[PDB]
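Engineer: To be precise about what I am sending: the file is called work-v3.txt and holds compact mmCIF, C-alpha atoms and all ligand atoms.
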```txt
# COMPACT_ATOMS: atom_id res chain seq x y z
CA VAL A 1 75.95 109.75 20.96
CA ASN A 2 77.87 111.96 23.47
CA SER A 3 80.64 114.68 23.50
CA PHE A 4 83.46 112.51 24.92
CA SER A 5 86.40 112.36 22.43
CA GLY A 6 89.64 110.34 22.14
CA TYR A 7 88.71 107.54 24.59
CA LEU A 8 89.76 103.91 24.17
CA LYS A 9 86.78 101.54 24.67
CA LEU A 10 87.53 98.85 27.29
CA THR A 11 84.07 97.27 27.55
CA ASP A 12 80.44 97.81 26.52
CA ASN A 13 80.22 100.66 29.09
CA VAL A 14 83.73 101.69 30.23
CA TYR A 15 86.02 104.06 28.32
CA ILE A 16 89.48 105.41 29.28
CA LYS A 17 91.72 108.33 28.24
CA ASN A 18 95.03 109.93 29.34
CA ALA A 19 93.66 113.31 30.42
CA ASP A 20 93.57 115.88 33.18
CA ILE A 21 90.02 115.48 34.57
CA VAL A 22 89.90 119.24 35.25
CA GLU A 23 90.67 120.07 31.55
CA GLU A 24 88.32 117.32 30.39
CA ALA A 25 85.46 118.61 32.59
CA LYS A 26 86.06 122.18 31.35
CA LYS A 27 85.85 120.98 27.70
CA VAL A 28 82.90 118.51 27.92
CA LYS A 29 80.78 120.06 30.75
CA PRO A 30 79.48 116.58 31.54
CA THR A 31 76.21 116.07 33.43
CA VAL A 32 78.30 114.39 36.21
CA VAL A 33 81.97 114.69 37.17
CA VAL A 34 83.12 112.37 39.97
CA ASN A 35 85.35 113.73 42.72
CA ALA A 36 87.78 111.50 44.65
CA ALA A 37 86.42 112.80 47.95
CA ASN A 38 87.12 112.04 51.61
CA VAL A 39 84.40 111.76 54.28
CA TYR A 40 84.96 115.39 55.42
CA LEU A 41 84.81 116.77 51.83
CA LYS A 42 88.17 118.45 52.55
CA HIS A 43 89.44 118.95 49.00
CA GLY A 44 93.15 119.44 49.75
CA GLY A 45 95.05 117.45 47.17
CA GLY A 46 94.92 114.85 44.49
CA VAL A 47 91.93 114.98 42.15
CA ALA A 48 89.82 116.77 44.81
CA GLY A 49 92.34 119.55 45.34
CA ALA A 50 92.61 120.06 41.57
CA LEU A 51 88.82 120.10 40.99
CA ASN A 52 88.29 122.47 43.91
CA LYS A 53 91.09 124.82 42.73
CA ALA A 54 89.43 124.95 39.26
CA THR A 55 86.18 126.15 40.98
CA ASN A 56 88.10 128.98 42.76
CA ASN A 57 87.28 127.24 46.11
CA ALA A 58 83.49 127.38 45.51
CA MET A 59 83.39 123.55 45.74
CA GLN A 60 84.98 123.75 49.24
CA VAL A 61 82.57 126.50 50.38
CA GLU A 62 79.56 124.41 49.27
CA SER A 63 81.08 121.28 50.80
CA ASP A 64 81.65 122.92 54.19
CA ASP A 65 77.97 123.92 54.33
CA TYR A 66 77.00 120.31 53.36
CA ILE A 67 79.11 118.83 56.19
CA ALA A 68 77.88 121.39 58.73
CA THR A 69 74.30 120.27 57.97
CA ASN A 70 74.69 116.52 57.33
CA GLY A 71 77.93 115.38 58.98
CA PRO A 72 80.59 113.28 57.27
CA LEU A 73 80.02 110.80 54.46
CA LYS A 74 80.65 107.06 54.90
CA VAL A 75 83.69 105.40 53.32
CA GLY A 76 82.11 103.84 50.21
CA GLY A 77 79.40 106.54 50.14
CA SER A 78 78.69 109.63 48.09
CA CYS A 79 76.73 112.84 47.79
CA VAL A 80 75.60 114.89 44.81
CA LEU A 81 76.56 118.60 44.90
CA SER A 82 76.98 121.30 42.30
CA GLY A 83 79.45 120.86 39.44
CA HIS A 84 80.13 124.61 39.52
CA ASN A 85 81.97 125.66 36.33
CA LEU A 86 83.05 122.08 35.55
CA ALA A 87 79.85 120.02 35.16
CA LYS A 88 76.15 120.15 35.99
CA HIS A 89 76.71 118.01 39.10
CA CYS A 90 79.66 116.68 41.09
CA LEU A 91 79.27 113.21 42.55
CA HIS A 92 81.62 113.20 45.55
CA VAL A 93 82.55 109.53 46.07
CA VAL A 94 84.65 108.26 48.99
CA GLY A 95 86.84 105.34 48.05
CA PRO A 96 88.87 103.70 50.84
CA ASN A 97 92.20 105.42 51.56
CA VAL A 98 94.87 102.69 51.99
CA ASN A 99 97.21 105.37 53.57
CA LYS A 100 94.54 105.54 56.44
CA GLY A 101 94.12 101.69 56.67
CA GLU A 102 90.52 101.43 55.17
CA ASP A 103 89.08 98.10 53.88
CA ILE A 104 89.74 97.80 50.10
CA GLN A 105 86.49 95.67 49.85
CA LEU A 106 84.81 99.10 50.26
CA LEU A 107 86.04 100.02 46.76
CA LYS A 108 83.18 98.01 45.18
CA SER A 109 80.63 99.86 47.35
CA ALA A 110 82.22 103.18 46.25
CA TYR A 111 81.87 102.32 42.55
CA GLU A 112 78.23 101.22 43.05
CA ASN A 113 77.38 104.94 43.49
CA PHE A 114 78.18 105.44 39.80
CA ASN A 115 75.22 103.20 38.85
CA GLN A 116 72.80 105.98 39.96
CA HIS A 117 73.98 108.10 36.98
CA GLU A 118 73.58 107.19 33.30
CA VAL A 119 76.87 108.85 32.17
CA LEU A 120 79.87 110.07 34.23
CA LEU A 121 83.37 111.50 33.83
CA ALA A 122 85.46 109.97 36.65
CA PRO A 123 88.91 109.22 38.03
CA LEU A 124 89.93 105.78 39.20
CA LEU A 125 88.67 105.54 42.78
CA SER A 126 91.21 105.01 45.54
CA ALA A 127 94.11 105.59 43.07
CA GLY A 128 96.78 108.28 43.41
CA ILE A 129 97.21 109.59 46.95
CA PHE A 130 94.49 107.17 48.22
CA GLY A 131 97.12 104.43 47.91
CA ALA A 132 95.31 101.59 46.10
CA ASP A 133 96.64 99.73 43.05
CA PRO A 134 95.08 101.52 40.02
CA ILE A 135 95.03 98.21 38.07
CA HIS A 136 92.78 96.81 40.80
CA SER A 137 90.65 99.96 40.80
CA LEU A 138 90.06 99.62 37.04
CA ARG A 139 89.10 95.93 37.43
CA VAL A 140 86.56 96.77 40.20
CA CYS A 141 85.21 99.61 38.06
CA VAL A 142 84.63 97.34 35.05
CA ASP A 143 83.09 94.61 37.20
CA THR A 144 80.81 97.00 39.20
CA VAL A 145 79.73 99.98 37.08
CA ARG A 146 76.99 99.21 34.56
CA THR A 147 76.36 102.82 33.48
CA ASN A 148 78.56 104.62 30.97
CA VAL A 149 81.80 105.77 32.58
CA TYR A 150 84.56 107.84 30.95
CA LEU A 151 87.74 107.44 33.02
CA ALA A 152 90.42 110.18 32.96
CA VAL A 153 93.91 109.03 33.95
CA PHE A 154 96.30 111.99 34.54
CA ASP A 155 99.62 110.08 34.25
CA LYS A 156 100.53 108.92 30.75
CA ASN A 157 102.83 106.22 32.07
CA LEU A 158 100.01 104.77 34.23
CA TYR A 159 97.45 105.10 31.39
CA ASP A 160 99.66 102.98 29.10
CA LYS A 161 100.17 100.39 31.85
CA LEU A 162 96.37 100.21 32.55
CA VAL A 163 95.59 99.62 28.86
CA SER A 164 98.43 97.14 28.24
CA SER A 165 97.51 95.04 31.32
CA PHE A 166 93.70 95.15 30.85
CA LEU A 167 92.04 91.74 30.60
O1 LIG B 1 101.73 109.21 38.24
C1 LIG B 1 101.49 108.28 38.90
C2 LIG B 1 101.23 108.25 40.36
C3 LIG B 1 100.99 106.80 40.72
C4 LIG B 1 100.71 106.18 41.92
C5 LIG B 1 100.53 104.79 41.94
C6 LIG B 1 100.63 104.02 40.76
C7 LIG B 1 100.90 104.65 39.57
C8 LIG B 1 101.10 106.03 39.54
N1 LIG B 1 101.40 106.95 38.38
```
In structure tokens, how does this file's structure come out?

Structural biologist:
Amino acid sequence: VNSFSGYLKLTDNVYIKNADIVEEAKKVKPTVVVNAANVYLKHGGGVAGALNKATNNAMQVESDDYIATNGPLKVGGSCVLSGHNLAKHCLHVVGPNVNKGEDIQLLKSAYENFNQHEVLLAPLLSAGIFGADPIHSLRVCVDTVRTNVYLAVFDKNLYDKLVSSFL
């Protein structure tokens, strides 16, 4: 049993809810929250900007030190950093950004990072300002992630379309 409430069950392991991931993280304090990161861990907008704002910029400060030591992530890659006030850990995952011309086949590699964690609160990778089709992102998620994933979808309209169209 876990703390996640109000989710619709899509599969054995994937759950979905219309929710602000920031407000959900604050309520649940999950072991892992996933950030929709870029390779530079520059948390300007989208999910990353919202998560970082909720940490009062402490996520960005920590991220800048990580990049200064390790250099950029790979598209499809990830790193584990602090969850600050939102979670125990933040898994920063880089999905391909279609608005930069990245290979959408890298979305499966991105989701494979989730399998290193038994339970996660996450957004749909490469959705929103990353430019991918969220319906496709949900399909790759279900077909790739084997661990227990709780997806937060900010937009109610999109949430209802994801559920109604789910095979
Ligand atoms: O609110 C939103 C923003 C967006 C981008 C692409 C597809 C669906 C949606 N819903």

Engineer: Please indicate the distance in Å from atom CA of residue 145 of chain A to atom CA of residue 46 of chain A, rounded to one decimal place.

Structural biologist: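 Value for the atom CA of residue 145 of chain A-atom CA of residue 46 of chain A distance: 22.5 Å.
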
Engineer: Name each residue within 9 Å of ligand LIG 1 (chain B), counting only C-alpha atoms and all ligand atoms, as a ChimeraX atom specification.

Structural biologist: /A:127-135,153-159,161

Engineer: Interatomic distance between atom CA of residue 138 of chain A and atom CA of residue 116 of chain A?

Structural biologist: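 Atom-to-atom, atom CA of residue 138 of chain A and atom CA of residue 116 of chain A are spaced 18.6 Å apart.
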
Engineer: Would you pick out the contacts of residue 80 of chain A at 7 Å or less, using all atoms listed in the file, so that residues sharing its chain but fewer than 4 positions from it are not included, and give the list as a PDB file with C-alpha atoms, in the frame of the given file?

Structural biologist:
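Generated file (selection-v2.pdb):
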```pdb
ATOM      1  CA  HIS A  89      76.710 118.010  39.100  1.00  0.00           C
ATOM      2  CA  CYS A  90      79.660 116.680  41.090  1.00  0.00           C
ATOM      3  CA  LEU A  91      79.270 113.210  42.550  1.00  0.00           C
ATOM      4  CA  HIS A  92      81.620 113.200  45.550  1.00  0.00           C
TER       5      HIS A  92
END
```

Engineer: For each of A:125, A:56, A:18, A:11, take the minimum atom-to-atom distance to residue 97 of chain A, counting only C-alpha atoms, then give the residue where this is smallest.

Structural biologist: A:125

Engineer: Would you mind telling me which residue in A:20, A:143, A:65, A:103 lies nearest to residue 115 of chain A when using all atoms listed in the file?

Structural biologist: A:143

Engineer: Any idea what the distance is between atom CA of residue 142 of chain A and atom CA of residue 16 of chain A?

Structural biologist: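 These two atoms are separated by 11.0 Å.
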
Engineer: Name the closest residue to residue 146 of chain A among the candidates A:86, A:22, A:124, A:119; distances are taken between atoms, counting only C-alpha atoms.

Structural biologist: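 Under the stated criterion, the closest residue is A:119.
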
Engineer: For a quick check of understanding, using all atoms listed in the file, which of A:17, A:74, A:9, A:53 has the smallest distance to residue 109 of chain A?

Structural biologist: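 Checking each of A:17, A:74, A:9, A:53 against residue 109 of chain A, counting all atoms listed in the file, the winner is A:74.
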
Engineer: When you get a chance, write out N, CA and C atoms for segment 121-139 of chain A, as a compact mmCIF listing (two decimals), in the frame of the given file.

Structural biologist:
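Below is the file that was written, result_19.txt:
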```txt
# COMPACT_ATOMS: atom_id res chain seq x y z
N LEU A 121 81.90 111.30 33.97
CA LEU A 121 83.37 111.50 33.83
C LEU A 121 83.97 111.25 35.20
N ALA A 122 84.97 110.41 35.32
CA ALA A 122 85.46 109.97 36.65
C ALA A 122 86.93 109.70 36.61
N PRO A 123 87.58 109.77 37.81
CA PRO A 123 88.91 109.22 38.03
C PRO A 123 88.77 107.80 38.52
N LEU A 124 89.87 107.07 38.54
CA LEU A 124 89.93 105.78 39.20
C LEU A 124 89.88 105.93 40.71
N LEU A 125 88.84 105.40 41.33
CA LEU A 125 88.67 105.54 42.78
C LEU A 125 89.79 104.85 43.52
N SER A 126 90.19 105.48 44.60
CA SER A 126 91.21 105.01 45.54
C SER A 126 92.60 104.98 44.89
N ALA A 127 92.78 105.50 43.69
CA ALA A 127 94.11 105.59 43.07
C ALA A 127 94.82 106.85 43.57
N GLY A 128 96.01 107.09 43.02
CA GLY A 128 96.78 108.28 43.41
C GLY A 128 97.05 108.28 44.88
N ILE A 129 96.85 109.42 45.53
CA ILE A 129 97.21 109.59 46.95
C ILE A 129 96.31 108.77 47.88
N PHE A 130 95.27 108.10 47.38
CA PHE A 130 94.49 107.17 48.22
C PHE A 130 95.19 105.82 48.32
N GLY A 131 96.22 105.55 47.56
CA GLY A 131 97.12 104.43 47.91
C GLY A 131 96.76 103.09 47.34
N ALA A 132 95.65 102.90 46.66
CA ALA A 132 95.31 101.59 46.10
C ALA A 132 96.06 101.37 44.80
N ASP A 133 96.09 100.12 44.37
CA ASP A 133 96.64 99.73 43.05
C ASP A 133 95.66 100.17 41.95
N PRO A 134 96.02 101.09 41.06
CA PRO A 134 95.08 101.52 40.02
C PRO A 134 94.61 100.40 39.09
N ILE A 135 95.44 99.36 38.89
CA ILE A 135 95.03 98.21 38.07
C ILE A 135 93.83 97.54 38.72
N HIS A 136 93.91 97.35 40.03
CA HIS A 136 92.78 96.81 40.80
C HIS A 136 91.57 97.73 40.72
N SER A 137 91.77 99.01 40.87
CA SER A 137 90.65 99.96 40.80
C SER A 137 89.93 99.85 39.46
N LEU A 138 90.69 99.76 38.36
CA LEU A 138 90.06 99.62 37.04
C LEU A 138 89.29 98.31 36.95
N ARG A 139 89.81 97.21 37.47
CA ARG A 139 89.10 95.93 37.43
C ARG A 139 87.77 96.06 38.20
```
